[PDB]
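Undergrad: Below is the structure I would like to discuss, written out as structure tokens.
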Amino acid sequence: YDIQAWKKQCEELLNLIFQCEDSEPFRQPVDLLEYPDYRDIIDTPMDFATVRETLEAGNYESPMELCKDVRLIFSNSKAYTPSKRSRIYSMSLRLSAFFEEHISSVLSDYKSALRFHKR
Ligand SMILES: C[C@@H](CO)N(C)c1ncccc1F
């Protein structure tokens, strides 16, 4: 029932994500010189360094907010992909499955701790 535990759990999960080779295209903001039309398709860029920095600055109030930004990394890749078979998109799908598998207990534990706090 620790209402704060999610933060360190998210730091450790982001550490695992940065160790994954599949996260390399998503570690830093998309380079506009490599993908000149990126902002014509994507309204809200997001990357894992921005997520980590937001967490470390104390600018997420809950793991749901972090989860919304990580999911935006994956939806941006899906929206930008020219093909559902593209290399970078395929890496995003594996990384998304890994993230979802690990974030589920973080969200469950936080929501349960918060319900206990408000009992
Ligand atoms: C990091 C993502 C964009 O959000 N990246 C550039 C791409 N995403 C999917 C397919 C091809 C790509 F090049």
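Order determines the names: the first chain of the structure tokens is A, the second B, and so forth; residues in each chain are numbered 1 upward, and ligands are numbered 1 upward as they are shown.
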For the structure I just gave you, how does DSSP split chain A - specifically, which residues are helix (DSSP H, G or I)? Reply as a PyMOL selection string.

TA: chain A and resi 6-19+21-26+38-41+48-56+63-80+87-117

Undergrad: Please provide the set of residues having any atom within 10 Å of residue 66 in chain A, restricted to only C-alpha atoms, with same-chain residues fewer than 5 positions apart removed, written as a PyMOL selection string.

TA: chain A and resi 7+10+51-52+54-55+59-61+71-72+103

Undergrad: Produce as number ranges by chain the set of residues near ligand 1, where near means within 6 Å with only C-alpha atoms and all ligand atoms considered.

TA: A: 25-26, 30, 76-78, 80-81, 86, 88-89

Undergrad: Using only C-alpha atoms, which residue out of A:37, A:109, A:53, A:24 lies closest to residue 6 in chain A?

TA: A:109

Undergrad: Calculate how many Å separate CA of residue 28 in chain A from CA of residue 47 in chain A, rounding to one decimal.

TA: 5.4 Å

Undergrad: Give me the residues within 12 Å of residue 20 in chain A as JSON, numbers by chain, counting only C-alpha atoms and dropping any in the same chain fewer than 5 places off.

TA: {"A": [13, 14, 15, 25, 26, 27, 48, 91, 92, 94, 95, 96, 98, 99]}

Undergrad: Residues of the last selection are to be written out with C-alpha atoms, as an mmCIF file, in the first residue's frame.

TA:
data_model
loop_
_atom_site.group_PDB
_atom_site.id
_atom_site.type_symbol
_atom_site.label_atom_id
_atom_site.label_comp_id
_atom_site.auth_asym_id
_atom_site.auth_seq_id
_atom_site.Cartn_x
_atom_site.Cartn_y
_atom_site.Cartn_z
ATOM 1 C CA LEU A 13 11.676 -0.272 -15.751
ATOM 2 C CA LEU A 14 13.126 2.694 -17.738
ATOM 3 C CA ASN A 15 16.639 1.347 -16.918
ATOM 4 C CA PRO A 25 15.309 4.504 -32.014
ATOM 5 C CA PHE A 26 13.155 5.816 -29.153
ATOM 6 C CA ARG A 27 15.815 6.947 -26.629
ATOM 7 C CA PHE A 48 12.288 7.744 -23.375
ATOM 8 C CA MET A 91 11.066 -2.794 -32.676
ATOM 9 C CA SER A 92 8.341 -0.537 -31.209
ATOM 10 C CA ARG A 94 8.311 -5.708 -29.160
ATOM 11 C CA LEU A 95 9.276 -2.906 -26.799
ATOM 12 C CA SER A 96 5.606 -2.095 -26.232
ATOM 13 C CA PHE A 98 7.776 -5.698 -22.865
ATOM 14 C CA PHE A 99 6.656 -2.361 -21.360
#

Undergrad: Fewer than 4 positions away in the same chain doesn't count, so skip those; otherwise give me all residues within 9 Å of range 104-108 of chain A, counting only C-alpha atoms, as a list in words.

TA: residues 5, 6, 9, 10, 62, 63, 64, 67, 99, 100, 112 and 113 of chain A
